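A.B. asks: sequence plus experimental coordinates follow:
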Amino acid sequence: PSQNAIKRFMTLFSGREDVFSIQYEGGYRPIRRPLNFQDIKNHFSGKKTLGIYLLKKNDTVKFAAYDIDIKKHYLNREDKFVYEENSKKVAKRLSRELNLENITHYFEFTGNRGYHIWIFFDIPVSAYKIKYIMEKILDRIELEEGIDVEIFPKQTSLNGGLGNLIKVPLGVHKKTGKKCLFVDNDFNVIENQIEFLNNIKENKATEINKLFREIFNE
Ligand SMILES: Nc1nc2c(ncn2[C@H]2C[C@H](O)[C@@H](COP(=O)(O)OP(=O)(O)OP(=O)(O)O)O2)c(=O)[nH]1
Ligand SMILES: [Mn+2]
Ligand SMILES: [Mn+2]
């Protein structure tokens, strides 16, 4: 049911369970209480913009992302559109490598200067294991001009803190006022974002753990 979309969002983007953050003009501000359904409604309606701390208190994550960015000094150039196309080329190259490893994943236009490739897990996996897998996969490719790729999580041990946060889809990027939206593998905006969210598929933690071991053992 479409009414289950907020619950699904909360389940898929499940990070630190007693703190989250919101975007402000100048950074992200921690909110020291659990995320709730009204917060997600505020995100969807463009009143607030959520950043989720990926790491749970036992140093696991239920989701991870590649963060594909056009470098800032390439955005002011006359041929800026070439670099927008290059960001899609990089996303497609990484997607091919993820597909070869049977890692189900989803593209998001981030509302400003690139894409996220989201990876979801049925139950949380060790942050260092998924980071290592994603680094080894990224090492398989080369990047077009103007593009960087980051891996979230970067910090894989909390050490008492909050760790990294990532802006989650379906809200508004405060830097631009643009919506952050799921896109298909040809980078077209998905028409029905709620139905798309409701049918996102999670990867099996047992398969991810096996992949970590096999890459680690090579
Ligand atoms: N605490 C804090 N976290 C930030 C800040 N800026 C970004 N982050 C986090 C949330 C972002 O989703 C994530 C990646 O940063 P990016 O600059 O790549 O932004 P994002 O990918 O959300 O959109 P964009 O690259 O601008 O299209 O890092 C900041 O100023 N303060
Ligand atoms: Mn970035
Ligand atoms: Mn980015």
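C.D. replies: Received it, and whenever you're ready, just let me know what you need. Residues are numbered from 1 along each chain as shown. Ligands and ions are numbered 1, 2, ... in the order given.
A.B. asks: need the contact list for the most centrally placed residue in the chain.
C.D. replies: In the chain, the residue lying closest to the centroid (Cα atoms, centre = their mean) is residue 65, at 3.7 Å. The contact partners of residue 65, by Cβ atoms under 8 Å, 6 or more residues apart in numbering, come to 116, 117, 118, 119, 151, 152, 166. Where C-beta positions appear, they are placed from N, C-alpha and C, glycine not excepted.
A.B. asks: take the residues you listed and write them to a markdown table, including distance to ligand 2.
C.D. replies: Converted to a markdown table, the contacts of residue 65 look like this (distance: Cβ to the ion, whole Å):
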| residue | distance to ligand 2 |
| --- | --- |
| 116 | 9 |
| 117 | 13 |
| 118 | 14 |
| 119 | 16 |
| 151 | 10 |
| 152 | 9 |
| 166 | 9 |
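A.B. asks: hey, C-alpha coordinates of stretch 116-134 in CSV?
C.D. replies: Presented in CSV, the C-alpha positions along stretch 116-134 are these (Å, rounded to 0.1, in the frame of the first residue of the first chain):
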residue,chain,number,x,y,z
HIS,A,116,24.1,8.7,-5.2
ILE,A,117,24.1,4.9,-5.8
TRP,A,118,22.3,3.4,-2.9
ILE,A,119,22.8,-0.1,-1.6
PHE,A,120,20.4,-1.6,1.0
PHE,A,121,20.7,-4.6,3.3
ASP,A,122,18.1,-6.8,4.8
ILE,A,123,19.9,-6.7,8.2
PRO,A,124,22.8,-4.4,9.1
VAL,A,125,26.3,-5.4,7.9
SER,A,126,29.7,-4.5,9.4
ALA,A,127,30.5,-1.0,8.1
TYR,A,128,34.1,-2.0,7.4
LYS,A,129,33.0,-5.0,5.3
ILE,A,130,30.8,-3.0,2.9
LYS,A,131,33.3,-0.1,2.7
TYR,A,132,36.0,-2.6,1.7
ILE,A,133,33.8,-4.2,-0.9
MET,A,134,32.9,-0.8,-2.4
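A.B. asks: okay then, goodbye and thanks.
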